[PDB]
Amino acid sequence: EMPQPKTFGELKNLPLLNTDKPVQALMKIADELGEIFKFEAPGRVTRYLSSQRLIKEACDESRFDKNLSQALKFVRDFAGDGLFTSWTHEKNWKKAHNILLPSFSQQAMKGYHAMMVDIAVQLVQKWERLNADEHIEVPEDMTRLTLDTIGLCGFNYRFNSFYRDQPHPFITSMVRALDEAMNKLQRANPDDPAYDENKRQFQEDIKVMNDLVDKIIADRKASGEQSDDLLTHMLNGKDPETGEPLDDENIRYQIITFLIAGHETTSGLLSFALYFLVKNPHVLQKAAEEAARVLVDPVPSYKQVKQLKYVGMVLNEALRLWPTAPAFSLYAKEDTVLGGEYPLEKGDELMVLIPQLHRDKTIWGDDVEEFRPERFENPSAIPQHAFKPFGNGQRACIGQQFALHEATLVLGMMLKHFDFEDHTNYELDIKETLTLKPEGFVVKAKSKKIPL
Ligand code: MNH
């Protein structure tokens, strides 16, 4: 049979999800329960997977397909038919996949990189122009950078999020909506007077996001166009199979999904990577050397990012220890036995604990908690399906190369232009908005006096 956590009667496991940090609670639960453990809530059942040998079967394209998590279903209201939230047996997913995949490529990455620099320059100039006494809120400023990067590159819109003291209205509203998604999963009873207040708020926040997208289409509508871009590939992009462009109503959904999924994950990754680089001096020294040798010219070139090897290794290791996308869910496409020990009826839902998967001691050695980028010196040596932070198969992050390209480029310039000091020996605190980010992580960054 299949182990499961403590069920309080009617609500079963569901009351456990109330905590600020659900994914970490599930990791604790997985440490004790074992490879797999069942997780049943009233009206929904899902089995969490933590051992790699089960992950490799769950990941097979001809064995299990992607299922929408309970929270992702609520995410649909602003995101919807966007690939991250669209179904695999969904029409719009296939159309959008085929026509937005060419917008991510080597030629594409070249298209986006020159504009990425601009936003990273805004970040570097902000940190260079800070006074000596001031300190930097890494996750906040990383979200600040990532929004502007994705906006300017993939939608020709400058959020100008750096010119704002407080988080952008988009950030506030997005985080708040994710709040309801998670917090309504954990909720026992769907209807109650009080929730109406909440409900009100969540109509409000969403609108802001909607309103913001209205600018991108309107702005580009009024200003000059015909400059190859994601938003172009959405307006004028056409489906090879059906010869059809995207639905305007669906184009806006694409914009929502891309704006949201392009910063939170990348910004959490940058914060986590900087944190781990701060806790270990030597792993920084190596990367500070790499960025200097690889990037000579003041502005990084499209080729210079790919030339950076150690930066990508650092990013992959930091992404291993704390994958910014905490989990993905999968349903069985036909009756199978998982591991040869657990029989599952078709359509059964299994969630996958990516951070617990990376902590499997058998594959990654008996010092998994140890953060050493050198593990990724020969990334070929890593076993199959043991390391899947970006997802699996066709369903895995069309712009993952953009994630790595922006994050590597930015981090290379950060280590190039700055010296990082940790004034609090920061206690690692992970805030969850369906995504993992350090909370309270503050460092100072002295200038290195490098141009542009
Ligand atoms: C860090 C970086 C990063 C991580 C950890 C990441 C994680 C994921 C994971 C996991 C999935 C699959 C979810 C599931 O349930 O199967 C996924 C799918 C997706 N992701 Mn991303 N993703 C990005 C960067 C990331 N993504 C960026 C950047 C973009 C946008 C430019 C993006 C846009 C998507 C889209 C779109 C999908 C949907 C793919 C599909 O369903 O066909 N992404």
# chains A, B, ... in the order shown; residues from 1 in each chain; ligands from 1
call {"tool": "residues_around", "arguments": {"residues": "residue 97 of chain A", "least_positions_apart": "3", "cutoff": "12 Å", "atoms": "only C-alpha atoms", "output": "number ranges by chain"}}
result
A: 81-84, 86-88, 90-94, 100-104, 233-234, 237-241, 246, 254, 394-399
call {"tool": "write_last_selection", "arguments": {"atoms": "C-alpha atoms", "output": "PDB file, in the first residue's frame"}}
result
ATOM      1  CA  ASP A  81      -4.911  29.055 -22.281  1.00  0.00           C
ATOM      2  CA  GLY A  82      -1.268  30.000 -21.948  1.00  0.00           C
ATOM      3  CA  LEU A  83       0.995  26.983 -22.246  1.00  0.00           C
ATOM      4  CA  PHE A  84       2.001  26.894 -18.569  1.00  0.00           C
ATOM      5  CA  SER A  86      -3.117  25.377 -20.871  1.00  0.00           C
ATOM      6  CA  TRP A  87      -3.836  21.658 -21.140  1.00  0.00           C
ATOM      7  CA  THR A  88      -1.835  19.222 -23.234  1.00  0.00           C
ATOM      8  CA  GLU A  90      -5.917  21.553 -25.480  1.00  0.00           C
ATOM      9  CA  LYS A  91      -6.266  23.223 -28.870  1.00  0.00           C
ATOM     10  CA  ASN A  92      -4.727  26.576 -27.955  1.00  0.00           C
ATOM     11  CA  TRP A  93      -1.727  24.869 -26.352  1.00  0.00           C
ATOM     12  CA  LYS A  94      -0.780  23.111 -29.579  1.00  0.00           C
ATOM     13  CA  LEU A 100       5.694  30.593 -30.232  1.00  0.00           C
ATOM     14  CA  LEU A 101       8.435  27.959 -30.223  1.00  0.00           C
ATOM     15  CA  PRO A 102      10.154  29.608 -33.245  1.00  0.00           C
ATOM     16  CA  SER A 103      10.168  32.831 -31.216  1.00  0.00           C
ATOM     17  CA  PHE A 104      12.692  30.989 -29.000  1.00  0.00           C
ATOM     18  CA  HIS A 233       4.993  36.581 -33.322  1.00  0.00           C
ATOM     19  CA  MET A 234       1.685  36.721 -31.406  1.00  0.00           C
ATOM     20  CA  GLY A 237       2.488  34.797 -36.176  1.00  0.00           C
ATOM     21  CA  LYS A 238       0.720  31.995 -38.022  1.00  0.00           C
ATOM     22  CA  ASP A 239       0.273  28.283 -37.338  1.00  0.00           C
ATOM     23  CA  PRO A 240       2.190  25.994 -39.736  1.00  0.00           C
ATOM     24  CA  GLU A 241      -0.399  23.209 -39.502  1.00  0.00           C
ATOM     25  CA  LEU A 246      -3.578  33.390 -32.636  1.00  0.00           C
ATOM     26  CA  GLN A 254      -0.189  34.556 -23.778  1.00  0.00           C
ATOM     27  CA  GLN A 394       7.516  18.830 -24.598  1.00  0.00           C
ATOM     28  CA  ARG A 395       5.785  20.502 -21.620  1.00  0.00           C
ATOM     29  CA  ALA A 396       8.998  22.048 -20.263  1.00  0.00           C
ATOM     30  CA  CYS A 397       9.609  25.741 -20.521  1.00  0.00           C
ATOM     31  CA  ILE A 398       9.927  26.896 -24.131  1.00  0.00           C
ATOM     32  CA  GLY A 399      11.971  29.821 -22.865  1.00  0.00           C
TER      33      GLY A 399
END
call {"tool": "select_by_dssp", "arguments": {"residues": "segment 155-280 of chain A", "states": "helix (DSSP H, G or I)", "output": "PyMOL selection string"}}
result
chain A and resi 155+161-163+169-185+195-222+230-235+248-279
call {"tool": "write_last_selection", "arguments": {"atoms": "C-alpha atoms", "output": "PDB file, in the first residue's frame"}}
result
ATOM      1  CA  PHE A 155       7.047  42.890 -25.585  1.00  0.00           C
ATOM      2  CA  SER A 161      10.137  49.103 -12.647  1.00  0.00           C
ATOM      3  CA  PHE A 162      13.541  50.372 -11.505  1.00  0.00           C
ATOM      4  CA  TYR A 163      12.307  53.953 -11.173  1.00  0.00           C
ATOM      5  CA  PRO A 169       1.545  47.393  -9.338  1.00  0.00           C
ATOM      6  CA  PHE A 170       1.847  44.318 -11.555  1.00  0.00           C
ATOM      7  CA  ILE A 171       4.081  42.635  -8.957  1.00  0.00           C
ATOM      8  CA  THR A 172       1.756  43.493  -6.072  1.00  0.00           C
ATOM      9  CA  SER A 173      -1.341  42.269  -7.912  1.00  0.00           C
ATOM     10  CA  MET A 174       0.315  39.118  -9.280  1.00  0.00           C
ATOM     11  CA  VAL A 175       1.671  38.079  -5.878  1.00  0.00           C
ATOM     12  CA  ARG A 176      -1.717  38.757  -4.290  1.00  0.00           C
ATOM     13  CA  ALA A 177      -3.599  36.633  -6.844  1.00  0.00           C
ATOM     14  CA  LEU A 178      -1.156  33.753  -6.331  1.00  0.00           C
ATOM     15  CA  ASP A 179      -1.914  34.262  -2.650  1.00  0.00           C
ATOM     16  CA  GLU A 180      -5.562  33.456  -3.258  1.00  0.00           C
ATOM     17  CA  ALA A 181      -4.803  30.451  -5.451  1.00  0.00           C
ATOM     18  CA  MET A 182      -2.675  28.800  -2.775  1.00  0.00           C
ATOM     19  CA  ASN A 183      -4.785  29.965   0.183  1.00  0.00           C
ATOM     20  CA  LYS A 184      -8.020  28.740  -1.390  1.00  0.00           C
ATOM     21  CA  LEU A 185      -6.541  25.341  -2.045  1.00  0.00           C
ATOM     22  CA  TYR A 195     -14.071  35.238   1.747  1.00  0.00           C
ATOM     23  CA  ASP A 196     -16.215  37.706  -0.210  1.00  0.00           C
ATOM     24  CA  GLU A 197     -13.820  40.459   0.869  1.00  0.00           C
ATOM     25  CA  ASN A 198     -10.949  38.347  -0.460  1.00  0.00           C
ATOM     26  CA  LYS A 199     -13.005  37.651  -3.588  1.00  0.00           C
ATOM     27  CA  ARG A 200     -13.437  41.398  -4.134  1.00  0.00           C
ATOM     28  CA  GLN A 201      -9.675  41.944  -3.897  1.00  0.00           C
ATOM     29  CA  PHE A 202      -8.977  39.215  -6.424  1.00  0.00           C
ATOM     30  CA  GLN A 203     -11.247  40.775  -9.019  1.00  0.00           C
ATOM     31  CA  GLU A 204      -9.295  43.995  -8.424  1.00  0.00           C
ATOM     32  CA  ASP A 205      -5.720  42.674  -8.671  1.00  0.00           C
ATOM     33  CA  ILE A 206      -6.437  40.676 -11.842  1.00  0.00           C
ATOM     34  CA  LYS A 207      -7.800  43.782 -13.561  1.00  0.00           C
ATOM     35  CA  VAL A 208      -4.503  45.615 -13.028  1.00  0.00           C
ATOM     36  CA  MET A 209      -2.668  42.802 -14.799  1.00  0.00           C
ATOM     37  CA  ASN A 210      -5.305  42.921 -17.535  1.00  0.00           C
ATOM     38  CA  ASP A 211      -4.993  46.708 -17.675  1.00  0.00           C
ATOM     39  CA  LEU A 212      -1.221  46.421 -17.997  1.00  0.00           C
ATOM     40  CA  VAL A 213      -1.473  44.051 -20.952  1.00  0.00           C
ATOM     41  CA  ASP A 214      -3.826  46.563 -22.567  1.00  0.00           C
ATOM     42  CA  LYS A 215      -0.872  48.940 -22.783  1.00  0.00           C
ATOM     43  CA  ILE A 216       1.413  46.518 -24.652  1.00  0.00           C
ATOM     44  CA  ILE A 217      -1.122  45.918 -27.418  1.00  0.00           C
ATOM     45  CA  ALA A 218      -2.278  49.548 -27.433  1.00  0.00           C
ATOM     46  CA  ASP A 219       1.213  51.065 -27.207  1.00  0.00           C
ATOM     47  CA  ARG A 220       2.554  48.876 -30.017  1.00  0.00           C
ATOM     48  CA  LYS A 221      -0.695  49.559 -31.887  1.00  0.00           C
ATOM     49  CA  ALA A 222      -0.055  53.309 -31.829  1.00  0.00           C
ATOM     50  CA  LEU A 230       7.297  37.861 -29.122  1.00  0.00           C
ATOM     51  CA  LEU A 231       4.403  40.306 -29.392  1.00  0.00           C
ATOM     52  CA  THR A 232       4.945  40.393 -33.148  1.00  0.00           C
ATOM     53  CA  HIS A 233       4.993  36.581 -33.322  1.00  0.00           C
ATOM     54  CA  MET A 234       1.685  36.721 -31.406  1.00  0.00           C
ATOM     55  CA  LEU A 235      -0.001  39.368 -33.562  1.00  0.00           C
ATOM     56  CA  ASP A 248      -6.556  38.112 -30.015  1.00  0.00           C
ATOM     57  CA  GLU A 249      -8.498  37.031 -26.914  1.00  0.00           C
ATOM     58  CA  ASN A 250      -5.884  34.274 -26.568  1.00  0.00           C
ATOM     59  CA  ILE A 251      -2.941  36.554 -27.426  1.00  0.00           C
ATOM     60  CA  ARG A 252      -3.661  38.555 -24.272  1.00  0.00           C
ATOM     61  CA  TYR A 253      -3.586  35.314 -22.253  1.00  0.00           C
ATOM     62  CA  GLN A 254      -0.189  34.556 -23.778  1.00  0.00           C
ATOM     63  CA  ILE A 255       1.052  37.963 -22.650  1.00  0.00           C
ATOM     64  CA  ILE A 256      -0.157  37.311 -19.091  1.00  0.00           C
ATOM     65  CA  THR A 257       1.512  33.908 -18.873  1.00  0.00           C
ATOM     66  CA  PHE A 258       4.796  35.130 -20.322  1.00  0.00           C
ATOM     67  CA  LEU A 259       5.062  38.244 -18.150  1.00  0.00           C
ATOM     68  CA  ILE A 260       4.324  36.209 -15.022  1.00  0.00           C
ATOM     69  CA  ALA A 261       6.462  33.141 -15.772  1.00  0.00           C
ATOM     70  CA  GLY A 262       9.393  35.159 -17.106  1.00  0.00           C
ATOM     71  CA  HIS A 263      10.276  37.060 -13.972  1.00  0.00           C
ATOM     72  CA  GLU A 264       9.273  35.135 -10.805  1.00  0.00           C
ATOM     73  CA  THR A 265      11.247  32.004 -11.697  1.00  0.00           C
ATOM     74  CA  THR A 266      14.300  33.844 -13.066  1.00  0.00           C
ATOM     75  CA  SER A 267      14.332  36.345 -10.187  1.00  0.00           C
ATOM     76  CA  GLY A 268      14.042  33.604  -7.584  1.00  0.00           C
ATOM     77  CA  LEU A 269      16.879  31.805  -9.358  1.00  0.00           C
ATOM     78  CA  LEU A 270      19.091  34.900  -9.305  1.00  0.00           C
ATOM     79  CA  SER A 271      18.376  35.545  -5.624  1.00  0.00           C
ATOM     80  CA  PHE A 272      19.088  31.920  -4.690  1.00  0.00           C
ATOM     81  CA  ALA A 273      22.254  31.827  -6.802  1.00  0.00           C
ATOM     82  CA  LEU A 274      23.607  35.029  -5.273  1.00  0.00           C
ATOM     83  CA  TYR A 275      22.748  33.697  -1.808  1.00  0.00           C
ATOM     84  CA  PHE A 276      24.647  30.445  -2.341  1.00  0.00           C
ATOM     85  CA  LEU A 277      27.568  32.353  -3.886  1.00  0.00           C
ATOM     86  CA  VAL A 278      27.666  34.520  -0.764  1.00  0.00           C
ATOM     87  CA  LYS A 279      27.718  31.586   1.658  1.00  0.00           C
TER      88      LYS A 279
END
call {"tool": "select_by_dssp", "arguments": {"residues": "segment 343-433 of chain A", "states": "strand (DSSP E)", "output": "ChimeraX atom specification"}}
result
/A:343-344,349-353,418-421,430-432
call {"tool": "residues_around", "arguments": {"residues": "residue 448 of chain A", "least_positions_apart": "6", "cutoff": "12 Å", "atoms": "only C-alpha atoms", "output": "PDB file with N, CA and C atoms, in the first residue's frame"}}
result
ATOM      1  N   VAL A 124      22.712  47.572 -12.892  1.00  0.00           N
ATOM      2  CA  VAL A 124      24.096  47.837 -12.517  1.00  0.00           C
ATOM      3  C   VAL A 124      24.270  49.298 -12.141  1.00  0.00           C
ATOM      4  N   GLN A 125      23.604  50.199 -12.863  1.00  0.00           N
ATOM      5  CA  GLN A 125      23.714  51.618 -12.558  1.00  0.00           C
ATOM      6  C   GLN A 125      23.036  51.943 -11.238  1.00  0.00           C
ATOM      7  N   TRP A 127      22.753  49.901  -8.610  1.00  0.00           N
ATOM      8  CA  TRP A 127      23.620  49.428  -7.534  1.00  0.00           C
ATOM      9  C   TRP A 127      24.927  50.208  -7.465  1.00  0.00           C
ATOM     10  N   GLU A 128      25.415  50.703  -8.605  1.00  0.00           N
ATOM     11  CA  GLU A 128      26.613  51.534  -8.612  1.00  0.00           C
ATOM     12  C   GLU A 128      26.338  52.891  -7.982  1.00  0.00           C
ATOM     13  N   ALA A 288      33.782  35.134 -10.387  1.00  0.00           N
ATOM     14  CA  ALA A 288      34.261  36.493 -10.609  1.00  0.00           C
ATOM     15  C   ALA A 288      35.437  36.507 -11.575  1.00  0.00           C
ATOM     16  N   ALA A 292      35.125  38.009 -15.761  1.00  0.00           N
ATOM     17  CA  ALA A 292      36.126  38.945 -16.255  1.00  0.00           C
ATOM     18  C   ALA A 292      36.777  38.423 -17.527  1.00  0.00           C
ATOM     19  N   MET A 413      27.458  39.960 -15.405  1.00  0.00           N
ATOM     20  CA  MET A 413      27.706  41.389 -15.215  1.00  0.00           C
ATOM     21  C   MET A 413      27.719  41.773 -13.741  1.00  0.00           C
ATOM     22  N   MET A 414      26.873  41.136 -12.930  1.00  0.00           N
ATOM     23  CA  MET A 414      26.834  41.435 -11.503  1.00  0.00           C
ATOM     24  C   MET A 414      28.158  41.095 -10.839  1.00  0.00           C
ATOM     25  N   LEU A 415      28.685  39.903 -11.123  1.00  0.00           N
ATOM     26  CA  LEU A 415      29.974  39.520 -10.562  1.00  0.00           C
ATOM     27  C   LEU A 415      31.108  40.324 -11.178  1.00  0.00           C
ATOM     28  N   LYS A 416      30.935  40.781 -12.420  1.00  0.00           N
ATOM     29  CA  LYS A 416      31.969  41.581 -13.066  1.00  0.00           C
ATOM     30  C   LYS A 416      32.086  42.954 -12.422  1.00  0.00           C
ATOM     31  N   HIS A 417      30.958  43.630 -12.222  1.00  0.00           N
ATOM     32  CA  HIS A 417      30.959  45.037 -11.843  1.00  0.00           C
ATOM     33  C   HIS A 417      30.920  45.270 -10.336  1.00  0.00           C
ATOM     34  N   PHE A 418      30.785  44.229  -9.513  1.00  0.00           N
ATOM     35  CA  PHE A 418      30.502  44.442  -8.101  1.00  0.00           C
ATOM     36  C   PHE A 418      31.247  43.450  -7.215  1.00  0.00           C
ATOM     37  N   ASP A 419      31.317  43.811  -5.932  1.00  0.00           N
ATOM     38  CA  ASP A 419      31.876  42.991  -4.860  1.00  0.00           C
ATOM     39  C   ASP A 419      30.797  42.801  -3.806  1.00  0.00           C
ATOM     40  N   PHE A 420      30.438  41.555  -3.520  1.00  0.00           N
ATOM     41  CA  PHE A 420      29.296  41.280  -2.658  1.00  0.00           C
ATOM     42  C   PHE A 420      29.730  40.986  -1.227  1.00  0.00           C
TER      43      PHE A 420
END
call {"tool": "residues_around", "arguments": {"residues": "residue 3 of chain A", "least_positions_apart": "4", "cutoff": "7 Å", "atoms": "only C-alpha atoms", "output": "PyMOL selection string"}}
result
chain A and resi 33+37-38
call {"tool": "write_last_selection", "arguments": {"atoms": "N, CA, C and O atoms", "output": "PDB file, in the first residue's frame"}}
result
ATOM      1  N   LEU A  33       8.201   9.890   4.991  1.00  0.00           N
ATOM      2  CA  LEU A  33       7.280   8.904   4.432  1.00  0.00           C
ATOM      3  C   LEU A  33       7.984   7.964   3.456  1.00  0.00           C
ATOM      4  O   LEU A  33       7.740   6.751   3.477  1.00  0.00           O
ATOM      5  N   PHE A  37       4.382   9.163  -1.559  1.00  0.00           N
ATOM      6  CA  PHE A  37       3.332   9.144  -0.551  1.00  0.00           C
ATOM      7  C   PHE A  37       2.038   9.712  -1.112  1.00  0.00           C
ATOM      8  O   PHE A  37       2.042  10.712  -1.831  1.00  0.00           O
ATOM      9  N   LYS A  38       0.933   9.050  -0.775  1.00  0.00           N
ATOM     10  CA  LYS A  38      -0.397   9.494  -1.168  1.00  0.00           C
ATOM     11  C   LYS A  38      -0.754  10.790  -0.446  1.00  0.00           C
ATOM     12  O   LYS A  38      -0.251  11.073   0.643  1.00  0.00           O
TER      13      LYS A  38
END
call {"tool": "closest_residue", "arguments": {"among": "A:408, A:403, A:347, A:305", "to": "residue 334 of chain A", "atoms": "only C-alpha atoms"}}
result
A:347
call {"tool": "closest_atom_pairs", "arguments": {"of": "segment 69-137 of chain A", "to": "segment 142-151 of chain A", "cutoff": "7 Å", "atoms": "only C-alpha atoms", "output": "JSON lines"}}
result
{"residue": "A:116", "atom": "CA", "partner": "A:149", "partner_atom": "CA", "distance": 5.4}
{"residue": "A:119", "atom": "CA", "partner": "A:149", "partner_atom": "CA", "distance": 5.4}
{"residue": "A:120", "atom": "CA", "partner": "A:145", "partner_atom": "CA", "distance": 6.7}
{"residue": "A:123", "atom": "CA", "partner": "A:145", "partner_atom": "CA", "distance": 6.4}
call {"tool": "atom_distance", "arguments": {"atom1": "atom CA of residue 314 of chain A", "atom2": "atom CA of residue 373 of chain A"}}
result
4.9 Å
call {"tool": "closest_residue", "arguments": {"among": "A:109, A:29, A:299, A:430", "to": "residue 400 of chain A", "atoms": "only C-alpha atoms"}}
result
A:109
call {"tool": "residues_around", "arguments": {"residues": "residue 384 of chain A", "least_positions_apart": "3", "cutoff": "10 Å", "atoms": "only C-alpha atoms", "output": "list in words"}}
result
residues 52, 53, 55, 56, 380, 381, 387 and 388 of chain A
call {"tool": "closest_residue", "arguments": {"among": "A:432, A:133, A:374, A:406", "to": "ligand 1", "atoms": "only C-alpha atoms and all ligand atoms"}}
result
A:406
call {"tool": "residues_around", "arguments": {"residues": "residue 330 of chain A", "least_positions_apart": "5", "cutoff": "8 Å", "atoms": "only C-alpha atoms", "output": "tab-separated table (two decimals) with C-alpha atoms, in the first residue's frame"}}
result
chain	number	residue	atom	x	y	z
A	58	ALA	CA	6.43	9.60	-14.39
A	64	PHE	CA	2.40	10.08	-18.15
A	65	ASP	CA	1.21	13.48	-19.34
A	66	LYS	CA	0.91	16.86	-17.64
A	67	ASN	CA	-1.98	17.42	-15.22
A	68	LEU	CA	-3.05	20.80	-13.87
A	349	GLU	CA	-2.86	12.63	-10.38
A	350	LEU	CA	0.73	12.61	-9.11
A	351	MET	CA	2.63	15.69	-7.99
A	352	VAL	CA	6.42	15.67	-8.23
call {"tool": "decode", "arguments": {"residues": "segment 200-216 of chain A", "atoms": "N, CA and C atoms", "output": "compact mmCIF listing (two decimals), in the first residue's frame"}}
result
# COMPACT_ATOMS: atom_id res chain seq x y z
N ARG A 200 -13.50 40.04 -3.61
CA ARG A 200 -13.44 41.40 -4.13
C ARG A 200 -12.02 41.74 -4.57
N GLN A 201 -11.08 41.66 -3.62
CA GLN A 201 -9.68 41.94 -3.90
C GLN A 201 -9.19 41.24 -5.15
N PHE A 202 -9.59 39.99 -5.36
CA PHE A 202 -8.98 39.21 -6.42
C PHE A 202 -9.58 39.55 -7.78
N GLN A 203 -10.78 40.12 -7.80
CA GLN A 203 -11.25 40.77 -9.02
C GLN A 203 -10.41 42.01 -9.31
N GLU A 204 -10.04 42.75 -8.26
CA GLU A 204 -9.29 44.00 -8.42
C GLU A 204 -7.90 43.73 -8.99
N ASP A 205 -7.10 42.94 -8.26
CA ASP A 205 -5.72 42.67 -8.67
C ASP A 205 -5.64 42.22 -10.12
N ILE A 206 -6.43 41.20 -10.48
CA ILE A 206 -6.44 40.68 -11.84
C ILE A 206 -6.58 41.81 -12.85
N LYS A 207 -7.54 42.71 -12.61
CA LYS A 207 -7.80 43.78 -13.56
C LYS A 207 -6.53 44.56 -13.87
N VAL A 208 -5.76 44.89 -12.83
CA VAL A 208 -4.50 45.62 -13.03
C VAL A 208 -3.65 44.89 -14.06
N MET A 209 -3.40 43.60 -13.82
CA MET A 209 -2.67 42.80 -14.80
C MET A 209 -3.29 42.95 -16.18
N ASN A 210 -4.60 42.70 -16.28
CA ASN A 210 -5.31 42.92 -17.53
C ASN A 210 -5.01 44.31 -18.08
N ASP A 211 -5.24 45.34 -17.25
CA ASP A 211 -4.99 46.71 -17.68
C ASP A 211 -3.59 46.86 -18.24
N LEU A 212 -2.60 46.27 -17.56
CA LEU A 212 -1.22 46.42 -18.00
C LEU A 212 -1.02 45.83 -19.38
N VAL A 213 -1.59 44.65 -19.63
CA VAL A 213 -1.47 44.05 -20.95
C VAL A 213 -2.09 44.97 -22.00
N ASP A 214 -3.18 45.66 -21.63
CA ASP A 214 -3.83 46.56 -22.57
C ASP A 214 -2.86 47.61 -23.09
N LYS A 215 -1.86 47.99 -22.30
CA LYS A 215 -0.87 48.94 -22.78
C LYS A 215 -0.04 48.33 -23.91
N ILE A 216 0.48 47.12 -23.69
CA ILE A 216 1.41 46.52 -24.65
C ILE A 216 0.79 46.47 -26.04
